[PDB]
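In: my sequence and its experimental structure, below.
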Amino acid sequence: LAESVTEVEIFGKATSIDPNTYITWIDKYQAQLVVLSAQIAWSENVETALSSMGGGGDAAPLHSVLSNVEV
């Protein structure tokens, strides 16, 4: 889990994910592990976006998280 989250944190904080590296990462770790890593990365990204959105809707990175999820 530690190694997989270390990889998916790199994956999430990027755009236009390369299919080859994503497929290799999926193959590397178990299904339970890959799902848990995805959930952990999403939770941390949403938490840091909310923390950075303390002032309000100004400079909202939640749209960036949604775009990452869409990609």
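Out: Cool, got the structure. Numbers count the residues shown, from 1 in each chain.

In: residue 29 contacts residue 35, correct?
Out: No: contact criterion C-beta atoms under 8 Å: residue 29 and residue 35 do not qualify, at 9.7 Å. Every residue, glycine included, has its C-beta placed from N, CA and C.

In: neighbour count winner among those two?
Out: Between residue 29 and residue 35, counted using other C-beta atoms under 10 Å, residue 29 has the larger neighbour count: 17 against 11.

In: buried set for the helix or strand harbouring residue 42?
Out: If you go by DSSP states H and E, residue 42 is part of helix 31-52. Going by neighbour count (16 or more other C-beta atoms under 10 Å), the buried part of helix 31-52 is 34, 36-38, 40-41, 45, 49.

In: also stretch 12-25?
Out: 12, 25.

In: can you tell me how far residue 15 sits from residue 54?
Out: Separation of residue 15 from residue 54 (C-beta to C-beta, to the nearest Å) stands at 24 Å.
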